[PDB]
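Engineer: The following block contains the structure, expressed as structure tokens.
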Amino acid sequence: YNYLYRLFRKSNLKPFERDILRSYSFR
Amino acid sequence: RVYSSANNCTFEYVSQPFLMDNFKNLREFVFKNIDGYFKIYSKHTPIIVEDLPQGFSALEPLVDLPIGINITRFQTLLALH
């Protein structure tokens, strides 16, 4: 669980924009 | 002392300083961000002796850096005296 991802936000991101959330269950 | 509690710094750059040298001298910059890249231009002009003197010149670019952040406001910093 050291890697997380986002699927809810007000608006989509900008090109080459790093916005600094849920985690993947990588099994 | 301008800042405080520097945290998770994601970009840095150090090189020869920007601002080189009776007449008030005018220096021309352009600050522009494109798809994450921060573009910086430069130019220097000696100006006789307020108002912008009616004349014509050109601005060279200097360097471009991919800061990649969302920008909406800017605040120009200056010294007390």
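Order determines the names: the first chain of the structure tokens is A, the second B, and so forth; residues in each chain are numbered 1 upward, and ligands are numbered 1 upward as they are shown.
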Could you list the residues in chain A lying within 7 Å of chain B, using only C-alpha atoms, and format the result as JSON, numbers by chain?

Structural biologist: {"A": [15, 16, 17, 18]}

Engineer: Could you write out that same residue set with N, CA and C atoms as a tab-separated table (two decimals), in the first residue's frame?

Structural biologist:
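Saved result, part_39.tsv, follows:
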chain	number	residue	atom	x	y	z
A	15	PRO	N	-2.00	19.29	-18.59
A	15	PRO	CA	-0.85	18.54	-19.12
A	15	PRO	C	0.40	18.78	-18.28
A	16	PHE	N	1.09	17.68	-17.97
A	16	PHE	CA	2.30	17.71	-17.13
A	16	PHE	C	2.04	18.40	-15.79
A	17	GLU	N	0.90	18.09	-15.17
A	17	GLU	CA	0.54	18.65	-13.87
A	17	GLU	C	0.54	17.53	-12.83
A	18	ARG	N	1.26	17.77	-11.73
A	18	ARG	CA	1.32	16.77	-10.63
A	18	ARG	C	0.55	17.32	-9.42

Engineer: Give me the residues near stretch 5-8 of chain A as a list in words, where near means some atom within 6 Å (using only C-alpha atoms) and where sequence neighbours in that chain fewer than 3 positions away do not count.

Structural biologist: residues 21, 22 and 23 of chain A

Engineer: Determine the nearest neighbour of residue B:50 from the options B:24, B:32, B:2, B:64, counting only C-alpha atoms.

Structural biologist: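 That would be B:24, the residue with the smallest distance to residue B:50.
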
Engineer: Mind the document's chain letters and residue numbers, and return as a PyMOL selection string the residues of chain B that DSSP labels strand (DSSP E or B).

Structural biologist: chain B and resi 25-27+31-34+37-42+44-46+60-65

Engineer: Hey, can you spit out that residue selection with C-alpha atoms as a short mmCIF file (atom, residue, chain, number, x, y, z; two decimals), in the first residue's frame?

Structural biologist:
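The resulting file, again.cif, is shown below:
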data_model
loop_
_atom_site.label_atom_id
_atom_site.label_comp_id
_atom_site.auth_asym_id
_atom_site.auth_seq_id
_atom_site.Cartn_x
_atom_site.Cartn_y
_atom_site.Cartn_z
CA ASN B 25 18.49 51.25 -16.64
CA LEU B 26 15.55 49.16 -17.84
CA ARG B 27 15.66 45.37 -17.94
CA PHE B 31 7.51 35.03 -17.31
CA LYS B 32 5.34 32.40 -18.98
CA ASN B 33 4.29 28.82 -18.13
CA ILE B 34 3.49 26.33 -20.89
CA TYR B 37 7.50 24.40 -18.55
CA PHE B 38 8.39 27.76 -16.98
CA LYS B 39 9.95 30.00 -19.64
CA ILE B 40 12.23 32.90 -18.70
CA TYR B 41 13.45 35.58 -21.12
CA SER B 42 15.91 38.45 -20.65
CA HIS B 44 18.87 44.89 -20.83
CA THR B 45 18.37 48.48 -22.03
CA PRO B 46 19.91 51.78 -20.91
CA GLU B 60 16.00 37.28 -25.93
CA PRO B 61 15.02 34.09 -24.09
CA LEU B 62 17.30 32.67 -21.40
CA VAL B 63 16.16 29.25 -20.11
CA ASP B 64 13.04 27.12 -19.67
CA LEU B 65 12.29 24.91 -16.67
#

Engineer: With distances taken over only C-alpha atoms, which residue among B:43, B:7, B:18, B:48 lies nearest residue B:30?

Structural biologist: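 Nearest to residue B:30: B:43.
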
Engineer: Just want the 8 Å neighbourhood of residue A:24, counted on only C-alpha atoms, with same-chain residues fewer than 5 positions away dropped. Output as an NGL selection string.

Structural biologist: :A and (1 or 3-5)

Engineer: Write the residues you've just listed into a file as a PDB file, in the first residue's frame, and include C-alpha atoms for each of them.

Structural biologist:
ATOM      1  CA  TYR A   1       0.000   0.000   0.000  1.00  0.00           C
ATOM      2  CA  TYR A   3       1.185   3.395  -3.983  1.00  0.00           C
ATOM      3  CA  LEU A   4      -2.043   5.403  -4.110  1.00  0.00           C
ATOM      4  CA  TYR A   5      -4.245   6.826  -6.852  1.00  0.00           C
TER       5      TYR A   5
END

Engineer: Select, from B:57, B:5, B:16, B:10, the residue with the minimum atom-to-atom distance to residue B:28, counting only C-alpha atoms.

Structural biologist: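 Nearest candidate to residue B:28 out of B:57, B:5, B:16, B:10: B:57.
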
Engineer: Which distance in Å separates atom CA of residue B:71 and atom CA of residue A:13, to one decimal?

Structural biologist: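 According to the coordinates, atom CA of residue B:71 and atom CA of residue A:13 are separated by 13.0 Å.
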